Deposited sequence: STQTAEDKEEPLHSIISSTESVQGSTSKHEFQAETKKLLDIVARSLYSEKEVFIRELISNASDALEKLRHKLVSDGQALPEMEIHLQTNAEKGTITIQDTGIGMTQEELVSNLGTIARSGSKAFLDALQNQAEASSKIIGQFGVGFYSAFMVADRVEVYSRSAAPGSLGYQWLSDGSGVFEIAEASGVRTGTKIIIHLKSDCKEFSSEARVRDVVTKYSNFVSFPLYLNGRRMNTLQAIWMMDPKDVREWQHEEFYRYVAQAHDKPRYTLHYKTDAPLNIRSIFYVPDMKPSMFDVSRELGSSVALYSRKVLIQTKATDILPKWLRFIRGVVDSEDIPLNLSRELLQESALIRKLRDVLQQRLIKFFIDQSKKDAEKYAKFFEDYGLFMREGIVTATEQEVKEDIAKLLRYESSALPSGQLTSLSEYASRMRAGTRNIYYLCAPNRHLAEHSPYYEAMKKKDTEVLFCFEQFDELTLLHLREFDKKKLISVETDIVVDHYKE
């Protein structure tokens, strides 16, 4: 059964007071209309966003007053013959003052694809009047008092003669499923429900449980396994961040959202290249490939700290993790620039030692703890534990009461060599 809300109930009795766009608003209007977004199809996205916030404020208000909740829904409709696309929401509306004046600039994106825009809106405030708002992208909009306007906002877009594609149910479905699959209010396209997914990264980390994480993981990783690691990172402090990061059970990307709406699917430069094995999502208000940097840096710091924490609370699990993904960590160490970056990532490294039984691992930072003040870090990055336990260059350190690290692969040694020093303090093989 079809669930539609959109019908033409509106009528304007009197006439329209014409209104000129102010200098500043007309400018930015034009720049949104032809110089702000790259893709045409994000007008649907931004409009849905505005509908979402309208519904959210209606809800917040009604629940605050303790009054019942009505249908809080976003409805989209396409009309091929009349060449339109309509988006209606039962949210909070706009007063006359707001319509005349006017998060929420996104609305003007409508003019990238439209030759005429027709909007009906009635505020949720008691005893409110509905209003019509007309514009053609010029400096002039008409305004009128209308009737047959349901509470909430109705936006009818008349499409440019070449922008007609967004009057097809298919294309619009694809755009909606691509950008707004996590919108927090029910969304209908020509009567059919669309969004079914829950932006669990906005939830409170304690309120999410493994089945949800596995679901979302198999969504954003396009995978069929489970995450061996899950970080749920929220911060308002230096920058607004709502992110979830997964490390697959499998052995060998991150999506960029903002305000629960998609911006970048294969959001590449959000993380260091050595963390490109991580799966998941990052949501931040602060996103419009020029400066996404201070984001990448604190995501790197946080993630590194996470893998360290995980090191301390489970060691064999982190051991297997180091076996399966230590490649990326070595690579990232060699690829870095500043020493303390290299050492930050180096804090994720695990190798055998003289003092530990065969298989037991430590990091550079750790058993530099029996290490008496000076001094230096020595290693021997051999082919075998046996062959290194009874290697001449090593017993040169056996009873000179000193600790020696054991590598068994060349890439470990090359990495250690490039590292040169860790914590002001140098690394050199016992073969020199």
Non-modelled portions of the deposited polymer sequence, in sequence order: 1 to 10, 113 to 141, 292 to 302, 339 to 348, 435, 494 to 502
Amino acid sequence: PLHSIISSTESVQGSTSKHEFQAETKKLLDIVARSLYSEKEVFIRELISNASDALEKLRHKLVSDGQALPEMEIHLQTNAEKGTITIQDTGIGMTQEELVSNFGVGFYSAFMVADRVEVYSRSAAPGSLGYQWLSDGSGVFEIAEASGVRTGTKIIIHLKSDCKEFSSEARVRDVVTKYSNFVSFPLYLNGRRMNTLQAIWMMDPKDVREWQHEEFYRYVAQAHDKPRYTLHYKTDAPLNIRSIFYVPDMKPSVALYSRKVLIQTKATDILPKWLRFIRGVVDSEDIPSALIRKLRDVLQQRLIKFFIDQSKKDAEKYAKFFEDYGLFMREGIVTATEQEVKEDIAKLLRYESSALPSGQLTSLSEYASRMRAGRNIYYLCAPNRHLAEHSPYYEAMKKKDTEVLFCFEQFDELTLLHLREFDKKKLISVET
From here on, numbers count along this sequence of modelled residues.
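In this text, the rigid core denotes the largest set of C-alpha atoms whose superposition between the two forms falls within 1.5 Å.
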74 to 82 against 358 to 366 - segment lying farther from this form in 9 other deposited structures of this protein (CA RMS, rigid core fit): 74 to 82
Positional deviation of Cα atoms in 9 other deposited structures of this protein after core superposition, greater for 155 to 163 or 217 to 225: 155 to 163
Residue 103 left out of the model in a third or more of other PDB entries: yes
Coordinates absent for residue 374 in a third or more of other entries: yes
Greater mean Cα temperature factor according to the PDB record, 181 to 189 or 268 to 276: 268 to 276
Entry-level comparison of average CA B-factors, 206 to 214 and 149 to 157, reporting the higher stretch: 206 to 214
Largest Cα B-factor, entry values, listed residues 249, 340, 142, 174: 340
Residue selected from 241, 72, 291, 87 by maximal Cα B factor: 291
Chain thirds of CA B-factor: placement of residue 23: highest
Record-listed C-alpha B factor of residue 59: chain third: lowest
Among modelled residues of the same chain, the CA temperature factor third for residue 363: middle
CA B-factor ranking of residue 403, expressed as a third of its chain: highest
Third of the chain's Cα B-factor distribution that residue 323 belongs to, per the entry: middle
